[PDB]
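This document opens with one chain alone, in structure tokens, the form deposited in one PDB entry.
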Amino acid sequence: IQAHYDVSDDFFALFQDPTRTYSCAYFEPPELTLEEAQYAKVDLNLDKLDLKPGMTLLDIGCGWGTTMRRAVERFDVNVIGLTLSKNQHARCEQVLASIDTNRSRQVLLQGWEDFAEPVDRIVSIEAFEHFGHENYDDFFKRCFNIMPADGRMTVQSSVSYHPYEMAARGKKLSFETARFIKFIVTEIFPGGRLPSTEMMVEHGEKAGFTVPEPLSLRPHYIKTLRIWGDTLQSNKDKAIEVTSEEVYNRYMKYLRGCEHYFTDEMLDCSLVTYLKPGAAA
């Protein structure tokens, strides 16, 4: 009965930009539209990956396929995307099928747990918080093992802090943040779990990866969540029509709540890079 909290693609179209990106944008230049800023976040990730023409890139949690398209277009690489959504899958094939390229392009309806084919490079933008702590060793091991000697991966993920770190900020705020996080992980992304940055880093390291200092995206998620919130708000009535007032207020609280806790430095978002020992310098 986890599917009570399932919301239709229609609803998400009433807050997200045209690319249907459901992750932190990168406003650099700061004057970028959200849509521009989502392309910019995609580039930010891919440009870390030492992609060369004819490599195969893996997108773990590929959504609507925008990352994969931009990759094949910009880097002339083959792509493979993993998604758990039947709709995302059909969309992705259509998106990929339209590209003017001899490059191989492929999208699978399944998790990384079931993927074990050799790829050169890996991107994963905000799928990670769906995985669960219990699965982290197996994730970084799978990723290390499917890549060549020079492999690289980025993982972008919202992040919380260890209950120890949060107490330093005061108990009132620490229990309040804990409850909000439970909310996210229950009603927004059922079964989810926010890692901390330190977990992202150390699991990567235990698997054999070199991990430079993660990049914080916090102010960008502030701006993203502002625009997401404002957009849903301005579409209040269509939103309710497509779902319920329940669903609507649920998402307004998510967007405004995250924006608030990010502003309060109670949440973060890290773009972590994992480099195999043979990665290019």
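Sequential numbering from 1, following the sequence displayed. Shifts are known only where both forms have a C-alpha. Rigid core: the largest C-alpha set superposing within 1.5 Å between the two forms.
This protein has a second form, the form deposited with a small molecule bound, left out of what is shown; the following refers to that one.
- Segments offered: 97-105, 140-148, 202-210, 154-162. Contacting the small molecule in the bound PDB entry at heavy atom distances within 4.5 Å is 154-162.
- The small molecule in the bound PDB entry is approached by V185, whose closest heavy atom lies within 4.5 angstroms of it.
- Contact between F175 and the small molecule in the bound PDB entry is not found at the 4.5 Å heavy atom cutoff.
- Residue contact with the small molecule in the bound PDB entry: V72 places no heavy atom within 4.5 Å of it.
- Heavy atoms of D120 never reach within 4.5 Å of the small molecule in the bound PDB entry, leaving it off the interface.
- For the residue set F75, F144, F131, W112, core-aligned C-alpha shifts between the shown form and the other one reach 2 angstroms or more at a single site, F131.
- Panel note: the distance between the CA atoms of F27 and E129 is larger in the bound PDB entry than in this form, the difference being 3 Å or more.
- Expansion of the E129-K171 CA spacing by 3 Å or more is recorded in the bound PDB entry, set against this form.
- 128-134 is the sole run of three or more consecutive shared residues whose C-alphas all shift by 2 Å or more between the shown form and the other one after the rigid core is superposed.
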